[PDB]
Amino acid sequence: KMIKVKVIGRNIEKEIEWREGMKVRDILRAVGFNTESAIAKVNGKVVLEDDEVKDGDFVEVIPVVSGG
């Protein structure tokens, strides 16, 4: 299983395989960041740190906040 990490609006594309049993959180905690500085979201959809991930979700880590 592989994951791609990118910063909010950083432009980091990296196809990723997959395994079975993992979960968005795990993948996130795999980068020393369980999605604390940003709202983890995949396929344009948002999820929680415990929201399992699939389709090879990426890894967002960094102040993804914004006030519009």
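Definitions and limits used
By convention in this text, residue numbers begin from 1 on each chain and track the written sequence, not necessarily the entry numbering, and residues missing coordinates are not displayed. Computation of side-chain values covers all heavy atoms of the structure but excludes hydrogens and water. Residues with missing side-chain atoms are left out of burial classes, side-chain pairs and their counts. By definition, any uninterrupted DSSP run of H or I lasting at least four residues is a helix, any uninterrupted run of E lasting at least two residues is a strand, and each is numbered from the N terminus. Contact between two residues is taken to exist if any of their heavy atoms lie within 4.5 Å; hydrogens are not considered.

**Thoughts on the overall build of the chain**
Helix and strand content of the chain: 1 helix and 4 strands. With respect to the principal axes defined by its C-alpha atoms, the chain has extents near 40 × 25 × 20 Å. Residue pairs at least 24 apart in sequence account for 62% of intrachain contacts in the chain once pairs closer than 6 positions are excluded.

**Here we look at the environment of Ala-38**
One can find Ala-38 in the loop between α1 (24-29) and β2 (41-42). Linking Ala-38 and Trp-18, residues 20 residues apart in sequence, is a C-alpha distance of 23 Å.

**Section: unusual backbone geometry**
Positive phi outside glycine occurs at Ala-38, with the angle close to 155°. With phi around 55°, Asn-43 is a residue other than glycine that occupies positive phi space. Tracing the sequence through the fold places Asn-43 in the loop between β2 and β3 (45-46).

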